Amino acid sequence: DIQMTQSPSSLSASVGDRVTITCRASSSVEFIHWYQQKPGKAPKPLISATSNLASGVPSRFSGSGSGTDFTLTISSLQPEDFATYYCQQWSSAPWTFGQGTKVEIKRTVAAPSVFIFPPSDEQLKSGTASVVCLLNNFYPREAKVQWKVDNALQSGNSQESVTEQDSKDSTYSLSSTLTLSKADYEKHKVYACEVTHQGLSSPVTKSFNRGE
Amino acid sequence: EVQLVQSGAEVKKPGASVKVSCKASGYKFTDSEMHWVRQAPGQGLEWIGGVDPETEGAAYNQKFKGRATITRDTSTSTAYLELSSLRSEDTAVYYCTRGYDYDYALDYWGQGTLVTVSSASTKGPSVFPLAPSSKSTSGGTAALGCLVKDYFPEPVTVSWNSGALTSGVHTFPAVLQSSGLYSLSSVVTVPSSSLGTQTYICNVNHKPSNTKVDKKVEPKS
């Protein structure tokens, strides 16, 4: 089978940059196709038969190459170009794809907007208390969330996840959930999430007092 | 407009079989091939095989070792992928995609179907509001959301106001809890000024447990 190897596997660039993604085939192919895929979305055709732009594809995209060496160029990177790009061949069975090249956007530092949510009364009725801390629209991705209950630093009772990069403003968002039993939740007063980030001069604390 | 609409996510036990459907519209179904490609994230994209709807001719990637069978119904413009002797490694998003011409890239792709292969028990989510309050405001904006807790397997989809609200929404990737169940949150930022006049409803769907929940999120009294 023909192995398709892309280089680099990931890159980060600024808006306006010229991006170069290579696709190498283990043996000669007649041409390649390129696809662009956004996270949790189906792939979309980008380039057909090495150099033909797919319908609706902006002119900033172009493809070149022959034999075993091909290149996808994005002439002036835009925030909506955040995606994984795949090359593909079907000159030889089985059809094979490249491993994908993830393109991420570099932008200015943006401080998170911090929001805190106490558990709902419906959840408390079930015997569980989840406290949610939201960090909205920040850059870079690196953020530190600390949970403090009655000013005591928490460990091993939270989980967090970050979104993929925003296609419009190139920021990230993060959600962290502190999960306690209702009995433990009822044992303390002050619930706080303390956020550290490059965009913040000092750590930001959002807190609430249980039953207020 | 060309549309390829697939069947919903499913969970299957190891050794079982799954049949995914792909309903085509907006073009002459018999004039183009229908292919199936899977994606196990992050192990990339793999072609499974395809069918010519006119002739019933099918070709497969040898790797599937005859476990995949691709068929179609020309009277309903639907293609099918059946994968047998399921193994844990078959957990992936399965896409149907149109092969329009040899010189053209696969041009229209279905939304994908996540098939999870597991012996574990399917569990429907509990949906809780993340009410907007004085603790979730930021310079005239308010954040609110829904917490979708304790479900299995993935995926849960979340829309707001039946798809009418999309700006400022963040539906986070799920986290895997110690129990092996998943949890996720979906939030939105809106004007704090109209919390009294606007209605915000999160629509949660977990196809494997046939769960559909619409939860109105109101400001915290």
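Residues numbered from 1 in each chain as written, not as in the entry; some residues may be left out. Chains lettered and ligands numbered in written order. Heavy atoms only, no water.

- This entry, as listed in the PDB, derives from X-ray crystallography and reports a resolution of 1.8000 Å.

### Let's talk about the layout of surface pockets
Phase 1 of the analysis: Reported here for the second largest pocket is a volume of approximately 510 Å³.
Phase 2 of the analysis: Considering the residues around the second largest pocket, the lining is formed by 22 residues, among which A:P118, A:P119, A:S120, A:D121 and B:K220 are closest to the centre.
Phase 3 of the analysis: Broken down by secondary-structure element, the contributors of at least two residues to the lining of the second largest pocket are helix 1 (121-126) and strand 19 (204-209) of chain A.
Phase 4 of the analysis: Classifying every residue of the lining of the second largest pocket gives 8 nonpolar, 6 polar and 8 charged. (1 Å grid on protein atoms, 1.4 Å probe; cavity = no way out; pocket = protein on both sides within 12 Å on 5 of 7 lines; lining within 4 Å. Points joined across faces, edges and corners; volume = space filled by probe spheres on them. Helix = DSSP H or I, 4+ residues; strand = E, 2+ residues; numbered from the N terminus. Nonpolar A, V, L, I, M, F, W, Y, C, P; charged D, E, K, R; others polar.)

### What to know about the interface of chain B and chain A
Phase 1 of the analysis: Across the boundary between the two partners, chain B contributes 44 residues, which contact 50 residues of chain A.
Phase 2 of the analysis: The contact between chain B and chain A buries some 3800 Å² in all, and 65% of this surface belongs to carbon and sulfur atoms.
Phase 3 of the analysis: In this assembly, chain B and chain A are joined by 1 salt bridge.
Phase 4 of the analysis: In this structure, A:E122 and B:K215 form a salt bridge, with 2.8 Å as the shortest nitrogen-oxygen distance.
Phase 5 of the analysis: Counting across the interface, chain B meets chain A through 15 residue pairs in polar contact.
Phase 6 of the analysis: Looking at the side of chain B that touches chain A, the elements that each hand over two or more residues are strand 4 (33-39), strand 5 (45-51), strand 11 (126-130), strand 12 (137-138), strand 13 (141-151), strand 16 (175-176) and strand 17 (182-191) of chain B.
Phase 7 of the analysis: Across the side of chain B that touches chain A, the residue classes tally to 22 nonpolar, 13 polar and 9 charged. (Contact = heavy atoms within 4.5 Å. Buried area = accessible area lost by both parts, 1.4 Å probe. Salt bridge = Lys/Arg side-chain N within 4 Å of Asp/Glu carboxyl O. Polar contact = N/O pair within 3.5 Å; in protein donor to acceptor, adjacent residues only side chain to side chain.)

### Some words on the pairing of strand 8 (residues 78-83) of chain B
Residues and elements named next belong to chain B.
Phase 1 of the analysis: Both strand 3 (residues 18-25) and strand 8 contribute to a ladder of 6 bridges, which runs antiparallel. Bridging across to strand 8, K23 finds its partner in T78.
Phase 2 of the analysis: Taken together, the 6 bridges between strand 7 (residues 68-73) and strand 8 define a ladder with antiparallel strand orientation. Bridge pairing in strand 8 links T69 to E82.
Phase 3 of the analysis: The turn joining strand 7 and strand 8, which pair antiparallel and follow one another in sequence, is formed by 4 residues; a positive phi near 55 degrees is taken by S77. (Pairing = 2+ DSSP bridges.)

### Considerations on the pairing of strand 5 (residues 44-48) of chain A
Residues and elements named next belong to chain A.
Phase 1 of the analysis: A large share of strand 5 lies buried, amounting to 4 of its 5 residues.
Phase 2 of the analysis: Bridge count between strand 4 (residues 33-37) and strand 5: 3 bridges; the pairing is antiparallel. Bridging across to strand 5, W34 finds its partner in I47.
Phase 3 of the analysis: Hairpin geometry of strand 4 and strand 5 is characterised by an intervening segment of 6 residues between the two adjacent antiparallel strands and by a positive phi of about 70 degrees at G40. (Buried < 20%, exposed > 50% of the residue type's maximum accessible area, 1.4 Å probe, protein only.)

### What about the domain arrangement of chain B?
Residues and elements named next belong to chain B.
Phase 1 of the analysis: Along its sequence, chain B is organised into domain 1 (3-117) and domain 2 (126-217).
Phase 2 of the analysis: Computed over C-alpha atoms, the centres of domain 1 and domain 2 are 31 Å apart.
Phase 3 of the analysis: Facing the 4 residues of domain 1 at the interface are 5 residues of domain 2.
Phase 4 of the analysis: When domain 1 packs against domain 2, the two sides together hide about 420 Å² of surface, and 84% of this comes from carbon and sulfur.
Phase 5 of the analysis: It is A9, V11 and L114 in domain 1 that bury the most area against domain 2; as a group they hold 70% of the surface buried on that side.
Phase 6 of the analysis: Our count for the contact surface shared by domain 1 and domain 2 stands at 0 salt bridges.
Phase 7 of the analysis: At the boundary of domain 1 and domain 2, one finds 0 residue pairs in polar contact. (Domains from an automatic or database assignment.)

### With respect to the state of the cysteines
Residues and elements named next belong to chain A.
Phase 1 of the analysis: For the coordinates displayed, the defined rule picks out 4 disulfides over all chains.
Phase 2 of the analysis: Here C23 pairs with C87 through a disulfide, and the sulfurs are 2.1 Å apart. A torsion of 70 degrees about the S-S bond marks the disulfide between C23 and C87 as right-handed. Separated by 64 residues along the polypeptide, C23 in strand 3 (residues 19-25) and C87 in strand 9 (residues 83-89) bring together distant segments of the chain.
Phase 3 of the analysis: What makes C23 buried here is its relative accessible area of 0%.
Phase 4 of the analysis: Between the sulfur atoms of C133 and its disulfide partner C193 the distance amounts to 2.1 Å. Given an S-S torsion of about 60 degrees, the disulfide between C133 and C193 has right-handed geometry. Pair noted here: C133 is in strand 13 (residues 128-138) and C193 is in strand 18 (residues 190-196), with a separation of 60 residues, a long-range link.
Phase 5 of the analysis: On the basis of relative accessible area, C133 is assigned to the buried category, the value being 0%.
Phase 6 of the analysis: Sequence-ordered numbering of the disulfide-bonded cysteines in chain B gives the connectivity 1-2, 3-4.
Phase 7 of the analysis: For chain A, the disulfide bridges join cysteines in the arrangement 1-2, 3-4, where the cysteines are counted in sequence order. (Disulfide = S-S within 2.5 Å.)

### Remarks on the pattern of salt bridges
Side chains bearing opposite charge may pair, as long as their charged atoms lie close to each other.
Phase 1 of the analysis: If you walk through the whole model with that rule in mind, you get 17 salt bridges over all chains.
Phase 2 of the analysis: Between A:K148 and A:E194 there is a salt bridge whose closest N-O contact spans 2.9 Å. Of this pair, A:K148 sits in strand 14 (residues 144-149) while A:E194 sits in strand 18; the two residues are 46 residues apart in sequence, bridging distant segments of the chain.
Phase 3 of the analysis: Members of the salt-bridge network, linked through shared partners, are B:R38, B:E46, B:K63, B:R67 and B:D90.

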